[PDB]
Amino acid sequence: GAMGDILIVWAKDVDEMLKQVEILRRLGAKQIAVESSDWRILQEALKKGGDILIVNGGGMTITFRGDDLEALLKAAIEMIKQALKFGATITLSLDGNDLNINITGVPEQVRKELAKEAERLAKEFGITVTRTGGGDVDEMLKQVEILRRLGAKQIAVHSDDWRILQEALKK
């Protein structure tokens, strides 16, 4: 199209991913790359005819959920400060009662610490939290090979995510 070749659709839920693709296809979108921490969502993207994927190999998605946006923001702000200080790249967006946080570029131990901190903040601010993705480098390698077997043509990795995974592989 006039604005580009590929739209990037981010998802942490397979049904929300399919809803977003349908909206964009109705607006005349053609090629769609799906970005997700959930390997199953990337597999669904391939099943439905996508072949460009963006992974979260070493990181995870944290989703705070609640009626009170000010409570979600208080929890997210503590996650932002801690994650940034450890050298993370963090992406935030609102979707109804969800505040979605995609985290990359921290070692596995630090990400597990952040996941535990998310659970503590959820309890502190009277909200719920879900984790999407979060695995080790061997699982990342295994799941990338599965995506290729299922017909992925282009798999993209955030450079900070890749550098963390390469460091984990050397160890």
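For every residue, the number given is its place in the sequence shown, counted from 1.
When the C-alpha temperature factors are averaged for each of 51 to 59 and 108 to 116, which stretch ends up with the higher value in the entry? Mean B over CA atoms: larger for 108 to 116.
| task | For the higher mean C-alpha B factor in the entry, choose 117 to 125 or 40 to 48. | result | On average, C-alpha B-factors are higher across 117 to 125.
Chain-relative CA temperature factor third for residue 90: For residue 90, the deposited C-alpha B-factor lands in the lowest third.
Report the third (lowest, middle or highest) to which the CA temperature factor of residue 130 belongs, ranking only the modelled residues of the same chain.
Within its chain, residue 130 is a highest-third residue by C-alpha B-factor, going by the deposited values.
Assigned third (lowest, middle, highest) for the C-alpha B factor of residue 35 | Answer is lowest: the recorded C-alpha B-factor places it there.
Quick check on the deposited entry: does the C-alpha B-factor of residue 144 sit in the lowest, middle or highest third of its chain?
For residue 144, the deposited C-alpha B-factor lands in the lowest third.
### Query
Compared with the other modelled residues in the chain, in which third is the CA B-factor of residue 155?
According to the entry, residue 155 has a C-alpha B-factor in the chain's lowest third.
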